[PDB]
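*Asks:* One structure, as structure tokens, below. Some questions next.
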Amino acid sequence: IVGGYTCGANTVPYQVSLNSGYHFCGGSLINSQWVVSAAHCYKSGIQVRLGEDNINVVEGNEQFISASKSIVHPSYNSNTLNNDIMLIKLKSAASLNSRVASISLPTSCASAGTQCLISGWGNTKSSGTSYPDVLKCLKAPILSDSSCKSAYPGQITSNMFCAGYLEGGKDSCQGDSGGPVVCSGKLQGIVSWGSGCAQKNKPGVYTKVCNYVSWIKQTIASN
Ligand SMILES: [NH3+]Cc1ccccc1
Ligand SMILES: [Ca+2]
């Protein structure tokens, strides 16, 4: 997250870290046994880390649970990043409380202008690299589809939306991928892609979760 603020320990209780020996992507806990992330975060041997703030210090509220199954969307295209969403089943149910909780799925799509919260452990610099150890947060609005398509001609599908600031300065970045965009208490987006981080006229692009609710619910019910 570039240009954000320190969330505070366990203030984003649905945020997960995907670990393969090291943090490599974010994710969101959507019930006791299932996590949603970005398909471009796929890899084998994932451990899901819940209750994290400092990802390099054991602070006492963590739950570390291995993945038993990963399901990439049937229509994920890695060249265009269309349908950039994946479901991960935990080997055992997590223990839910105030500091570790699920985020609700949307019933409706969110409209442009709605303010959302984006969070992650990704790079904090637009030029160069500095990775935080504690969770960072950013408040940002959903941009109109017209402005999003104007920023990225030819690249934006119905399954994507832009959020952020056309002036630059504030954005998600590498290492935030997979993580949540939450608006009015619902999961509306997944951190997916963009052209660099925090640049002028290049906002972040996010997977539009409202289009996938039926696939998520049917997949969870049969796996
Ligand atoms: N600035 C959007 C973004 C770029 C690369 C990875 C994740 C997010
Ligand atoms: Ca920790």
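Every residue, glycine among them, receives a Cβ derived from its backbone with ideal geometry; neighbour counts consider all protein chains shown. All of the numbers you see were taken from the coordinates with simple rules; none came from a lab.
*Asks:* Based on other C-beta atoms within 10 Å, arrange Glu59, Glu167 from fewest to most. Before the final figure, lay out the partial values.
*Replies:* Details: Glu59 13, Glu167 10.
Arranged by neighbour count, lowest to highest, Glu59, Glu167 become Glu167, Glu59.
*Asks:* In addition: With a 10 Å Cβ neighbour count serving as the proxy for reagent exposure, in which order, fewest first, do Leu166, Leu135 appear? Show your work: numbers first, answer last.
*Replies:* Details: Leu166 14, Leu135 25.
Arranged by neighbour count, lowest to highest, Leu166, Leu135 become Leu166, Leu135.
*Asks:* Rounded, prolate or oblate: which one fits the stretch 106-178, using the alpha carbon gyration tensor with axes a ≥ b ≥ c (rounded when a/c is under 1.5, else prolate when a/b beats b/c, else oblate)? Could you put the intermediate results ahead of the total?
*Replies:* Numbers: a/c = 2.08, a/b = 1.52, b/c = 1.37.
Cα axes put the stretch 106-178 in the prolate bin.
*Asks:* Collect residues whose amide H, placed 1.01 Å from N in the peptide plane, falls under 5 Å from the amide H of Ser177; neighbours closer than 5 in sequence don't count.
*Replies:* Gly26
*Asks:* Moving on to the next point. Mind sorting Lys89, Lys69 by how few other Cβ atoms lie within 10 Å of their own Cβ, fewest first? Mind dumping the intermediate values first?
*Replies:* Details: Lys89 16, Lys69 11.
Ranking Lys89, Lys69 by Cβ neighbours within 10 Å, fewest first, gives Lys69, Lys89.
*Asks:* What distance in nm separates the two pseudo spin-label positions at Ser104 and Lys149, each 7 Å out from Cα along the beta-carbon direction?
*Replies:* Here the modelled spin labels are 3.2 nm apart.
*Asks:* May I ask for the distance between the Cα centers of the stretch 1-74 and the stretch 99-172, given as a whole number of Å?
*Replies:* If we compute the Cα centre of each part, the gap is 17 Å.
*Asks:* Give me the dipole magnitude in Debye, nearest 20, for the chain about the Cα centre, with unit charges on the beta carbon: positive for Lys and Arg, negative for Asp and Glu.
*Replies:* Numbers: 16 positive and 10 negative charges, 66 e Å.
In total the dipole reaches around 320 debye.
*Asks:* Under a Cβ-Cβ cut-off of 13 Å, what is the net charge of the residues other than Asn56 that fall near it, where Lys and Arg count +1 and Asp and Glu count -1? If you can, show how the numbers build up before the last one.
*Replies:* Numbers: positive: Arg49; negative: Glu52, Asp53, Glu59, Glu62, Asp133.
Its environment carries a net charge of -4.
*Asks:* Anyone know which of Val58, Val48, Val12 comes out most mobile in the 10 Å Cα GNM of the chain?
*Replies:* Ranking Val58, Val48, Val12 by mean-square fluctuation puts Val58 first.
*Asks:* Taking 0.36 nm per residue of separation and subtracting the Cα-Cα distance, what length does fully extending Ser95 through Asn61 add? Walk me through the numbers before you get to the answer.
*Replies:* Values: separation 34, 0.36 × 34 = 12.24 nm, distance 1.07 nm.
Contour length minus the Cα-Cα distance gives 11.2 nm.
*Asks:* At a 10 angstrom cut-off on C-beta neighbours, averaged per residue, how do the peptides 172-182, 35-45 rank from highest to lowest?
*Replies:* Ranking, from highest mean packing down: 172-182, 35-45.
*Asks:* Helix-derived [θ] at 222 nm for the chain: sum -39500 (n - 2.57) over DSSP H runs of at least 4, divide by residue count, nearest 500? Present the calculation step by step, with values, prior to reporting the outcome.
*Replies:* Working: 2 runs with 16 residues, N = 223.
Mean residue ellipticity at 222 nm (helix-derived): -2000 deg cm²/dmol.
*Asks:* A further question follows. What fraction, in whole percent, of alpha-carbon pairs in the chain exceed 27 Å separation? Present the calculation step by step, with values, prior to reporting the outcome.
*Replies:* Working: 5995 of 24753 pairs.
Of the Cα pairs, 24 percent sit more than 27 Å apart.
*Asks:* Which ³J(HN,Hα) values in Hz, rounded to whole numbers, follow from the phi angles of the stretch 134-150 under the Karplus curve 6.51 cos²θ - 1.76 cosθ + 1.60, where θ = phi - 60° and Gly and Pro get x?
*Replies:* 10, 6, 10, 10, 9, 9, 8, x, 6, 8, 4, 5, 5, 5, 5, 5, 5
*Asks:* Additional query: Determine the dipole magnitude for the stretch 48-109: charges of +1 sit on the beta-carbon of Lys and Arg, -1 on that of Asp and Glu, nothing else is charged, the reference point is the Cα centre, and the result goes in debye to the nearest 20.
*Replies:* Numbers: 5 positive and 5 negative charges, 61 e Å.
Charge dipole of the stretch 48-109: 300 debye, to the nearest 20.
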